[PDB]
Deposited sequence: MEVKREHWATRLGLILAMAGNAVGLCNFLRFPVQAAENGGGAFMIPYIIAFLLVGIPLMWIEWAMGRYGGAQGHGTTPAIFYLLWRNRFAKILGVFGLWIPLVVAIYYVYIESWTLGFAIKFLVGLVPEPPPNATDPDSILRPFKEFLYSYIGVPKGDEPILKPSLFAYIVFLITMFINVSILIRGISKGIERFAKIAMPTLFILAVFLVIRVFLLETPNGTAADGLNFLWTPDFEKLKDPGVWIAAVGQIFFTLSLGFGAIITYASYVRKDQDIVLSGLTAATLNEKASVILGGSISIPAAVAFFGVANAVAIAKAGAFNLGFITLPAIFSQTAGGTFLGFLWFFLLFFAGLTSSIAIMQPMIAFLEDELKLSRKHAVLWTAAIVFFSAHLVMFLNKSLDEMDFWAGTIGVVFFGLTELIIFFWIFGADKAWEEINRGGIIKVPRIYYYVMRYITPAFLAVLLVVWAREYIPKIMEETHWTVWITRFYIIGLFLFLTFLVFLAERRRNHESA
């Protein structure tokens, strides 16, 4: 079985798992919609009461399973809870990352295609001295709409450009070239290059954005809006719903990806300090880097109220239309846009390999496929299924809700219950702390066993016909994966 080569490479690979497209596209929108600073306090609390303990739990479950040759949750749940229903629940740890990848790699290809076009200067050229922002936003809006082929009429049909489709082919090929080299020579080797690159690009963009100023505002105004606490909105449950959901999304928790990565950590190697360092690096890249780019740039040009209204228009609109349009009003702004989309591409690529590895690990561990065949069959499934996302409008929305939103939160609660309630709280705690360079504070034993599951349960309770096409297909994917698990059990 493969193993990570270096402790640093393991850290950077896990950091790249978490630091992805959602950290930079979705997190600023969610922070701005919920009052900025009024969102950061619950998010930080959700980082301490949900993100940190669930990260340690997934690290421990992964290393525990990998010790017996199993990297995915159908087998790992059954090891922790010897029950046929544990295998059925474990299927979600393959279905969630696969379905997410079926649209995630497509969005990743957007950022690559935009990086190419912005580097060569093939971008919309708004007329100078524009006294109206719409005359600048509209060329970039039509630019994205032509790239992905937004429907012009009532038919929910997307029409991707030829360039967008070719770039999606290249993007799949790049993911395959990394994954086919394996854990150490592929994912780990790429992480050691991509994470320093990602960090340097983000720091540069933060500095450049921080210098932005118009008569409508400054970047410091946006930072003040994002970091000034508002204790009145602590009463609102919706802020906690958004904060805990963002904790799942930014940390790649509940996607089965952390577990599979941790399955290549050796039996004796640390997971406490290593996991804490990976999660801390991700939060630095999320709240400090990602949150300090697009929202402060928007506030600098539009003011807080208009920037919030812009953020309500969605992650795609802010990331692919509004931010490049704002950049186009500055010297060297086309090159600044290229850096933004190159940052997004490396963040996406380090995350998409992470959510495609669970299916690869299942085929290797349980069906005994070679790495080459496992990676190629996984890529074929993702590439084929992605045509539903590329051509059917709102198919991505349905996949992102059922697998990317409902699925990840329920799966995080499920894995915690299996590990800390069914398998055994004391046994789980000793397995988490075994071989650690530092020990988890004893207070977290009662956070994992009582506070975290009660937190998730309470918040979950407080929480067109074409949609059935996507539902019918992802339900079929689940049935397909259940059949593969069935075939594995008949061979074992």
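What the model leaves out of the deposited chain are the segments 1 to 4, 468 to 479, 509 to 513.
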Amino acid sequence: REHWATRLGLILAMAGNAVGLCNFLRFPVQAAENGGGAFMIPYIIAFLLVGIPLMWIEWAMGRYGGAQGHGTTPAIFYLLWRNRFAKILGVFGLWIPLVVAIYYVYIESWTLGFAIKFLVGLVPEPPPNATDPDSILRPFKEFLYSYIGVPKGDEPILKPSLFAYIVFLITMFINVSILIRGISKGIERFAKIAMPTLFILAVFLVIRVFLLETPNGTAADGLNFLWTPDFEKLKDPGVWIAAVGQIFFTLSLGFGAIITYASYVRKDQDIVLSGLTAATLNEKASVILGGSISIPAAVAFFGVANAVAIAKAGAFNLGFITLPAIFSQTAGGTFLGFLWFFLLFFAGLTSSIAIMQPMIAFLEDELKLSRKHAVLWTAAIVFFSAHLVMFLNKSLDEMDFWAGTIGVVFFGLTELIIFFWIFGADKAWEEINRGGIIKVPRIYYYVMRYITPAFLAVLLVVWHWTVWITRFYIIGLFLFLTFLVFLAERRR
From here on, numbers count along this sequence of modelled residues.
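Taking only CA atoms, the mean B-factor in the PDB entry is higher for 278 to 286 than for the other of 309 to 317 and 278 to 286.
Stretches compared: 413 to 421, 167 to 175. Higher mean C-alpha B-factor in the entry: 413 to 421. Between the residues 201, 136, 219, 262, the entry's highest C-alpha temperature factor is the one at 136. The PDB entry gives the largest Cα B-factor of the residues 155, 108, 366, 400 to 155. In the PDB entry, residue 83 places in the highest third of its chain by CA B-factor. Sorting the modelled residues of the chain by their CA temperature factor places residue 292 in the middle third. In the PDB entry, residue 346 places in the lowest third of its chain by CA B-factor. Split the chain's modelled residues into thirds by C-alpha temperature factor. Residue 233 is in the highest one. For residue 386, the recorded CA B-factor ranks within the lowest third of the chain. Only modelled residues enter the ranking.
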